[PDB]
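Reviewing the structure listed below.
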There are 2 protein chains.
Amino acid sequence: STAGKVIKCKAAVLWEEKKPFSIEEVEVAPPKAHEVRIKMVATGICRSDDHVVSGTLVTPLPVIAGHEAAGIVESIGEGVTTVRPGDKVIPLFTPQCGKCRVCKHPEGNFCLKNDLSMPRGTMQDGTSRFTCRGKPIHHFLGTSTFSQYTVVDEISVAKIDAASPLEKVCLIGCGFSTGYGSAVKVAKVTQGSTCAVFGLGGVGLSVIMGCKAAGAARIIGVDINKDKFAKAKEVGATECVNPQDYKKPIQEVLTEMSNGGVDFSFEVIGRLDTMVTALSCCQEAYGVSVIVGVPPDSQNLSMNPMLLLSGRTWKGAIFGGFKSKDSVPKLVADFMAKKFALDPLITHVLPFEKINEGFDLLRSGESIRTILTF
Amino acid sequence: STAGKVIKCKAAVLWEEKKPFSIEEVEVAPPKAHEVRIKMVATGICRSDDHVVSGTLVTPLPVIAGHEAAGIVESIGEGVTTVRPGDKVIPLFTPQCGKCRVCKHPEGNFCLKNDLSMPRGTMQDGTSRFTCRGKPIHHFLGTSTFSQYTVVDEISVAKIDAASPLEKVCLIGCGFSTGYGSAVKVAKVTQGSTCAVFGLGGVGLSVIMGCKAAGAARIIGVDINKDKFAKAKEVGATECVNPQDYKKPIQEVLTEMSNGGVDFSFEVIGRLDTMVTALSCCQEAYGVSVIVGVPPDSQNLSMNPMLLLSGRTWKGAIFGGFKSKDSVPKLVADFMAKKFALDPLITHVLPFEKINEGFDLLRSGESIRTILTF
Ligand SMILES: NC(=O)c1ccc[n+]([C@@H]2O[C@H](COP(=O)([O-])OP(=O)([O-])OC[C@H]3O[C@@H](n4cnc5c(N)[nH+]cnc54)[C@H](O)[C@@H]3O)[C@@H](O)[C@H]2O)c1
Ligand SMILES: NC(=O)c1ccc[n+]([C@@H]2O[C@H](COP(=O)([O-])OP(=O)([O-])OC[C@H]3O[C@@H](n4cnc5c(N)[nH+]cnc54)[C@H](O)[C@@H]3O)[C@@H](O)[C@H]2O)c1
Ligand SMILES: OCc1c(F)c(F)c(F)c(F)c1F
Ligand SMILES: OCc1c(F)c(F)c(F)c(F)c1F
Ligand SMILES: [Zn+2]
Ligand SMILES: [Zn+2]
Ligand SMILES: [Zn+2]
Ligand SMILES: [Zn+2]
């Protein structure tokens, strides 16, 4: 029995930037008041985890990364009311406190209790539940899912269907929900519209899924890796284009293809240049462009505000605009009811001990999502 | 008595940037097919006209500027169906052809026949109706209202109520409609919200009017000229701030004042730095910022796209988002029914012959709108 005790378990510790994860024993403290300790079942490899490795995202190190996952509650601290030991759960990298001005707003989801903006790498109480070789180890986004066991604040976990296949629904913890919601909730793609999706990884494929669900007539996938095109078409892309194939800038190509600009464009890469290209390729008077990707820390883009003055709308979002704790259980129920598919995003399934090999698959271009299984 | 004949009349010709207008005789050709010749009655001085003089806005010179006006149809070309001689009309600097993909879109207004994006300074047929000293003179935005007579394409004119006071409703041709629509149509300001309005000229005052009409609870005016604050409060500002009074950047001041950011902000000046400040000061998860001010020609702003990734929406618009020919007559009818006031915008009245004094008043900071009478 482990309840109320320190757990010694295996985790993937990132000691410094641009190094492999170290798979080794950590100590996981028991949960405090309003905290939940979770036995991990499956976690996906999201590009945002790689950004921590590459230094694209700045967060306190050493760290246990991982934010796209699912597991089973091992124990609860005093005062927890929303989950119980044995429940299937998804950690929420965007919390839902329910009390802040954002949580109370009908269209906000970026709860003020988040650890993204100005990352501390801690629990809500400003402390860590992790140690390794006698050193405190930081949390990541309140989730830290690259560990056999994590501790999360109650506002950072959702209870899901007891019959959920956790090796699939972990993707609802980040990439699926983000892409799908970016299309259906943030952009509000319309029936009959033309969409352009920049970046055909797990998140961009989920954007395509959402654009198709919303009834788009044309969905143009854009990627410099033509090996991504077949799966993009399988999930709804009507055309795919590789910028490297053209003498013209791809905003000009997409404007010509769409007879004057697209209805909706999505940046799903993380480059400043593609954010401006994606804005430019939407129709100047009524186009909408959504930033989904994460670019390098502290870098500004340059753009001409006449792109906006003519009528364009430019927005971005975290986690597809979904209020995380309300939405995750409903997305899992919708998946269980066959309303969308997750298998098209899963290219590789590896044991957790092969985390580095999973990152190498992402970095090489081979994979979409690798699911690590504990 | 003048139908089919060249009209000799006085106009304000701009031969050179950074110089006074020259009030002198021009020759105004009769209207060709689908053209309308208008005897002007009143025209406002909008800062965009001054942008032509300063080179902030690049359009071919020499030019007859003016775009905010009202007059009476003197004659119609072959095939004109929407106005008749003797009708009161407002020229439309944003056309409404009714046929292009923007005109057909429910939310588009920046008609593809516009002369704003890449100005030619001509009629729709690529020619000029104006001669001065034997030289062809450019049109401006298809309107050229700084003339006793102008010729406009049919898609650039709207018939208005025959009982309209033209010395008031000329403001519906640019500044009032732009500001009011930016709030009520583009931003869609909500009841009980907090708004910030950067720039308290004629357009920014019109934005305040729209925010108040939409039921905003707080409307914070921002201007470096504190002489603008009294009138801003008269039309609905709940408080005014001068960035020059503060040690900290005004985005930080406004975020503090609004307990974490405003619901809606508006840039109504034309500066790259205030466009980014206005975006920053709206709440990071659900705020909306609208660019109204005209930026300096060909200059790019610099900004961190993390401002959008958190959830902000950034947009701009021409003419308040209003489909011009549909909307202008309705706005005049609503003015006639006292649904909004125009007198708060009118600080000065001059004869057309004193156009240069009218620009001096705008440049000194003294005026809001000067209305010129022909
Ligand atoms: N906003 C959010 O909440 C959120 C959620 C999840 C992921 N992300 C970010 O979204 C982005 C995509 O994540 P992912 O799908 O896991 O990554 P991924 O699987 O690496 O996919 C990125 C795709 O972009 C392609 N690509 C790279 N450069 C270019 C280019 N110049 N032009 C066109 N295509 C290019 C690349 O070939 C690949 O297929 C990353 O920046 C993530 O950090 C954001
Ligand atoms: N989008 C459109 O369709 C449209 C329509 C009409 C006007 N415009 C533009 O909107 C802008 C405002 O026009 P207007 O109301 O006639 O001009 P205006 O009367 O010159 O008003 C601008 C106000 O900005 C104030 N100001 C100047 N610098 C700053 C600063 N750094 N911080 C805060 N306030 C400052 C200034 O004191 C003045 O009261 C101009 O750029 C116009 O070209 C756009
Ligand atoms: O992939 C989701 C995700 C984000 F969208 C971020 F903006 C971020 F900073 C991060 F750490 C993250 F995991
Ligand atoms: O004031 C209205 C107005 C604009 F909003 C412009 F963008 C522009 F180029 C212009 F000439 C103009 F008059
Ligand atoms: Zn919250
Ligand atoms: Zn992610
Ligand atoms: Zn049109
Ligand atoms: Zn104007």
Side-chain angles (χ1 to χ4, degrees), chain A residues 46-49 51-52 56-59 65-68 93-94 114-117 119 140-141 143 173-175 178 203 270 285 292-294 297 309-310 316-319, chain B residues 44-51 56-57 67-68 93-105 108-114 116 155 174-175 177-179 181-182 186 197-207 221-228 232 241-244 250 267-271 273-274 277 290-296 306 309-310 316-321 323 345 362-363 365 367-369:
Chain A
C46 175
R47 179 62 72 169
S48 301
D49 301 300
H51 292 336
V52 174
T56 285
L57 272 176
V58 178
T59 198
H67 61 287
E68 178 179 87
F93 78 81
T94 302
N114 79 80
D115 196 43
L116 280 74
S117 292
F140 179 59
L141 308 181
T143 60
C174 181
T178 294
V203 187
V292 188
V294 169
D297 183 77
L309 201 68
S310 50
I318 302 297
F319 197 56
Chain B
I45 298 172
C46 173
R47 177 64 67 169
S48 300
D49 298 300
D50 183 63
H51 291 333
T56 293
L57 263 176
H67 64 286
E68 180 178 85
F93 79 81
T94 304
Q96 186 175 354
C97 76
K99 300 176 161 55
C100 77
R101 200 169 65 170
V102 175
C103 286
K104 294 184 168 290
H105 192 280
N109 78 327
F110 191 55
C111 172
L112 289 167
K113 303 289 202 168
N114 79 82
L116 276 74
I155 63 169
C174 182
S177 304
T178 293
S182 294
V186 181
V197 182
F198 292 70
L200 305 176
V203 186
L205 291 172
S206 299
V207 172
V222 185
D223 204 301
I224 57 169
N225 182 359
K226 68 183 194 297
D227 296 341
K228 297 293 171 176
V241 297
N242 178 352
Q244 299 172 336
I250 201 72
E267 199 281 4
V268 206
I269 302 159
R271 300 172 56 84
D273 56 4
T274 47
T277 289
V290 182
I291 304 182
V292 188
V294 161
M306 283 301 318
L309 197 68
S310 50
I318 302 297
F319 197 60
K323 294 178 179 291
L345 306 180
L362 177 70
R363 297 168 181 144
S367 58
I368 299 293
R369 285 295 204 260

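Values reported hereafter were calculated over all heavy atoms of this structure, with side chains retained and with hydrogens, waters and symmetry mates removed. Per chain, numbering begins at 1; letters A, B, ... match sequence-line order. All ligand and atom numbering here is 1-based and tracks the order in the structure.
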Taking only heavy atoms of [X] into account, list the atoms of ligand 3 that are under 4.0 Å away from them.
| X | result |
| --- | --- |
| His67(A) | 1 (O), 2 (C), 13 (F) |
| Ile318(A) | 5 (F), 7 (F) |
| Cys174(A) | 1 (O), 2 (C) |

Exercise for the section: Closest by any non-hydrogen atom to atom 10 (C) of ligand 3: pick that one out of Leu309(B), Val52(A), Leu57(A). Expected result: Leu57(A)
Handout entry: Pick from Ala317(A), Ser48(A), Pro119(A), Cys46(A): the one approaching atom 2 (C) of ligand 3 most closely through a non-hydrogen atom
Key =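 Checking each option, the heavy atom nearest atom 2 (C) of ligand 3 is found in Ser48(A).
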Handout entry: Positive for side chain to side chain contact (heavy atoms under 4.5 Å, CB included) with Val197(B), one of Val207(B), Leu205(B), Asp223(B)
Key =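 Result: among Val207(B), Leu205(B), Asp223(B), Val207(B) is the only option passing the side chain to side chain contact (heavy atoms under 4.5 Å, CB included) with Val197(B).
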Practice task
Supply the atom-to-atom distance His51(A) NE2 to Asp297(A) CG, rounded to the nearest 0.5 angstrom.
Solution key: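 The NE2 atom of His51(A) sits 11.5 Å away from the CG atom of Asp297(A).
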Ignoring angles and geometry beyond distance, decide whether [X] reaches within less than 3.5 Å of ligand 2 through its nitrogen or oxygen atoms.
| X | answer |
| --- | --- |
| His51(B) | yes |
| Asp223(B) | yes |
| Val203(B) | yes |
| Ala317(B) | yes |
| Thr274(B) | no |

Would you call [X] a ligand 2 contact, heavy-atom distance under 4.0 Å?
| X | answer |
| --- | --- |
| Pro243(B) | no |
| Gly320(B) | no |
| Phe319(B) | yes |
| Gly175(B) | no |

Exercise for the section: Could you tell me whether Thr178(A) approaches ligand 3 through its side chain, its backbone, both or neither, with non-hydrogen atoms closer than 4.0 Å? Expected result: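 Within the 4.0 Å criterion, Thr178(A) makes no contact with ligand 3.
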Practice task
Mind checking whether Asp49(A) contacts ligand 3 via backbone (N, CA, C, O), side chain (CB onward), both or neither, at a 4.0 Å heavy-atom cut-off?
Solution key: neither
Problem - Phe140(A) heavy atom under 4.0 Å from ligand 3 - result: yes
Please state which protein non-hydrogen atom is closest to [atom] and give its distance, to 0.1 Å?
| atom | value |
| --- | --- |
| atom 44 (C) of ligand 2 | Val292(B) O, 3.0 Å |
| atom 17 (O) of ligand 2 | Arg47(B) CB, 3.2 Å |
| atom 40 (C) of ligand 2 | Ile269(B) O, 3.3 Å |
| atom 12 (C) of ligand 2 | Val268(B) O, 3.2 Å |
| atom 21 (O) of ligand 2 | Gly201(B) CA, 3.4 Å |

Problem - Rounded to 10 degrees, the angle SG of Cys97(B) makes with SG of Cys103(B) at the Zn ion (ligand 7) - result: 120°
Problem - Listed partners of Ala317(B) passing side chain to side chain contact (heavy atoms under 4.5 Å, CB included), at least two apart - result: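 By the side chain to side chain contact (heavy atoms under 4.5 Å, CB included) rule, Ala317(B) matches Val186(B).
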